[PDB]
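Peer 1: Pasting a structure here, questions to come.
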Amino acid sequence: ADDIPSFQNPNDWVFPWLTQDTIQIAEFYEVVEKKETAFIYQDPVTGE
Amino acid sequence: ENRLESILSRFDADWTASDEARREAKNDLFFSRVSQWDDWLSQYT
Amino acid sequence: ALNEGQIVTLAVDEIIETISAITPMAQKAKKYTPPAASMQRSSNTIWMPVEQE
Amino acid sequence: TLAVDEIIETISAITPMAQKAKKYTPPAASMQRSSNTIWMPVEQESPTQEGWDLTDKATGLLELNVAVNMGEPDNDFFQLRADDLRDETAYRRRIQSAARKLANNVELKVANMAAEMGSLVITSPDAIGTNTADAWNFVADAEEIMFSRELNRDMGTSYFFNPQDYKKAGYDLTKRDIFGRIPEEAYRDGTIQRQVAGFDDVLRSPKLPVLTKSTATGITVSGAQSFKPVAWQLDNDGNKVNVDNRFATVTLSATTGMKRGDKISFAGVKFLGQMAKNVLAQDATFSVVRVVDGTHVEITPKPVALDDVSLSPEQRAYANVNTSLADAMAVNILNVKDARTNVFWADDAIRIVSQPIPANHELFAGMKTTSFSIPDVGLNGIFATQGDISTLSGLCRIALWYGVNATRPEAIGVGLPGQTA
């Protein structure tokens, strides 16, 4: 928390009188489509 | 190669691509919510 | 040996950081954003009152 | 004043050489830092020693290279006035004509470079229409000089006639007093044949240059000279800088009357069998590329001597000329008379490097940049438009950044009929 972050401000010059005194950070979501190993078990109750 | 640089490049590309629509949408929100008089360049009177 | 081959130059792009400064006073100072574009004339200033005694 | 939209089309040009030339698009990101120059290796030739005891006779490895680069954009800048009506009537047709002219310019650059950096030179003492099958002999001389030198022709070969010599070949075919299949084709149409004397693509080209004669005479080599194959050499700072393999600066008595494009041949130097290193019966021909200073020139085939004792065995493995220059060897000029050049080559000898002009960047605001695909020649340029009211007009610019390169000047050739007098 001591290391205050910063990022591209989406609110350029809010114009009442004074700034919101805010802190900006970002969350980057990324989707990776890939083949991963799957295990074929046998269900002890029923079903292959 | 740098993860920071790759993320920043992607973000900057999208940010500069969506620049006009975002500006128009922000102007629409301000117009519909706060005030319809945007007069700060008119301060010469 | 005497392998008189081909010579290239490899400029790779992992930069070497050298500068890391801090701004402890500007962050503490409050920011203001008035909508007055006439201040370019430098004779147009904002007047604010002082607490009365 | 009655006026219509009907267009009286006036010109229709063909671009076979630019179409056939391979087009290269190396990465622009690397080319920006590499000063628009990229190096490619050359097929390696190995030496050979026979014997039993070979102590302290182990050679090294040497692989030479060439470099390809580009020139400057070939634009179509023009200003267009909004109020005028003859400009609104002509804007789009002007754009189309600009595309056609850019393609024509690319073809002209290809033809001139091929005819000016063509090492192999075939010459005739008279016109093509002199003796029967003289056009066939002209093509066969080129095919034989490519065969004897053992030049790689896997991609294919090509021969471009000029229209006059093509007509002469057709006339020779049709005056045969017989009509089989080739004579009937040459009668009904002007085409001689699609393949002649071993070439797999024989065409005619309206944009082949005319090689103006050289006034140079009485020139001899000044000082015995030796040219050594090498890949890199040390500069002033000790750094190794690469060396191009398709150039050699010779010192003559006086380079007066020489220009870029003349063909020379020293008295005594003979071609070699490249791979086998067998002395041929043909004089070695070189093309002067650049006339630097007043007593030096730059010839495109580097004359590596088989009999040079200052060459290491790996360097001598690349020898293409049976001897060196000996301070008095008279140089004979081959183009002693004007002639429109016929040009033959191997299909993998001329390439066209191309690069994009990234004017779509956010830097260039206020002007609109799009792409522009040139027809005929398969190239890309940019089409950029800006406005102005200081003159109440608009500027349109069609830019194209490319460069023709002759990677194997020893593969390209030049045919010169009627080099008498």
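Readers should treat all values here as calculations from the given coordinates under stated rules, not as data from a laboratory. Every residue, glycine among them, receives a Cβ derived from its backbone with ideal geometry; neighbour counts consider all protein chains shown.
Peer 1: Which of D:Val297, D:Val42 comes first, and how do the rest follow, when ranked by fewest Cβ neighbours within 10 Å?
Peer 2: The most exposed by this proxy come first: D:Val42, D:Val297.
Peer 1: When a/c reaches 1.5 or more, the comparison of a/b and b/c decides; with that in mind, is the stretch D:306-360 rounded, prolate or oblate per its Cα gyration tensor?
Peer 2: Oblate is the answer for the stretch D:306-360, as a/c is 1.5 or above yet b/c matches or exceeds a/b.
Peer 1: If you take the charge dipole of chain B about its Cα centre, with +1 on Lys and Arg Cβ and -1 on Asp and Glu Cβ, which of B:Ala21, B:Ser9, B:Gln36 is farthest toward its positive end?
Peer 2: Positive-most Cα among the choices belongs to B:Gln36.
Peer 1: Right, here's the next one. Considering only DSSP states other than H, G, I, E and B, which trypsin sites (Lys or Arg not before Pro) in chain C qualify as loop sites with at most 11 other Cβ atoms within 10 Å?
Peer 2: C:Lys30, C:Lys31
Peer 1: List the relative contact order of the stretch D:279-359 as a percent without decimals, with contacts defined as Cα pairs under 8 Å and 6+ residues apart.
Peer 2: 18 percent
Peer 1: Report the charge-dipole magnitude of the protein assembly as shown in Debye, nearest 20, computed about the Cα centre from +1 at each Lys and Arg Cβ and -1 at each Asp and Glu Cβ.
Peer 2: Around 2080 debye, computed over the protein assembly as shown.
Peer 1: Now a separate question. Taking the Cα centroid of the stretch D:300-353 and of the stretch D:158-189, what is the distance between the two, rounded to the nearest whole Å?
Peer 2: Cα centroid of the stretch D:300-353 versus Cα centroid of the stretch D:158-189: 34 Å apart.
Peer 1: Longest exposed-loop-site-free stretch of chain D, with chymotrypsin sites (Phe, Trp or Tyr not before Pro), DSSP loop and at most 15 other Cβ within 10 Å?
Peer 2: In short, D:180-363.
Peer 1: Here is a follow-up. Could you compute the net charge surrounding D:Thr323? Neighbours are other residues with a C-beta less than 12 Å from the C-beta of D:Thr323; K and R count +1, D and E count -1. The partial results should precede the final answer.
Peer 2: On the way: positive: D:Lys270; negative: D:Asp283, D:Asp307, D:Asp308.
Taking every other residue near D:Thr323 into account, the sum is -2.
Peer 1: Run the dipole for the stretch D:136-231 about the Cα centre, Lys and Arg Cβ at +1, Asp and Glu Cβ at -1, nothing else charged, and hand back the magnitude in debye, nearest 20.
Peer 2: With only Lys, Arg, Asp and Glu charged at Cβ, the dipole is about 360 debye.
Peer 1: Among D:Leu280, D:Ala98, D:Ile299, which residue has its Cα positioned farthest towards the positive end of the charge dipole of chain D, with +1 placed on the Cβ of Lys and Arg, -1 on the Cβ of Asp and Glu, and the dipole taken about the Cα centre?
Peer 2: Sorting the options by dipole projection puts first D:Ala98.
Peer 1: Then there's this: Hey, if you put +1 on the Cβ of every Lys and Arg and -1 on every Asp and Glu Cβ in the stretch D:249-364, which of D:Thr249, D:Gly261, D:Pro356 ends up farthest toward the positive end of that dipole?
Peer 2: Toward the positive end, the furthest listed residue is D:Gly261.
Peer 1: Is the C-alpha gyration tensor of the protein assembly as shown telling us rounded, prolate or oblate? Criteria: a/c under 1.5 is rounded; beyond that, a/b larger than b/c is prolate, otherwise oblate.
Peer 2: Prolate, because a/c is 1.5 or more and a/b exceeds b/c.
Peer 1: Tell me which DSSP H helices of chain D clear both cut-offs, 18 Å or more of axial length from alpha-carbon atoms and a mean Kyte-Doolittle hydropathy of at least 0.0.
Peer 2: D:134-148
Peer 1: Dipole size in debye (nearest 20) for chain C around its Cα centre, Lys and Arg Cβ +1, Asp and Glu Cβ -1?
Peer 2: Roughly 480 debye for chain C.
Peer 1: List the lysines whose Cα sits under 28 Å from the Cα of D:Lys23, skipping any in the same chain fewer than 8 residues away.
Peer 2: Leaving aside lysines fewer than 8 places away in the same chain, those within reach of D:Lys23 are D:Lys101, D:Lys109, D:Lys207, D:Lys263, D:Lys302, D:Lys368.
Peer 1: Antiparallel versus total DSSP beta bridges in the stretch D:196-322: what percent is that, nearest 5?
Peer 2: 95 percent
Peer 1: Quick check: from the Cα gyration tensor, does chain D come out rounded (a/c under 1.5), prolate or oblate?
Peer 2: It is oblate, given that a/c is not under 1.5 and a/b is not larger than b/c.
Peer 1: In nm, to one decimal, how far is the B:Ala21 label point from the D:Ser371 one, both placed 7 Å along Cα→Cβ?
Peer 2: 2.2 nm
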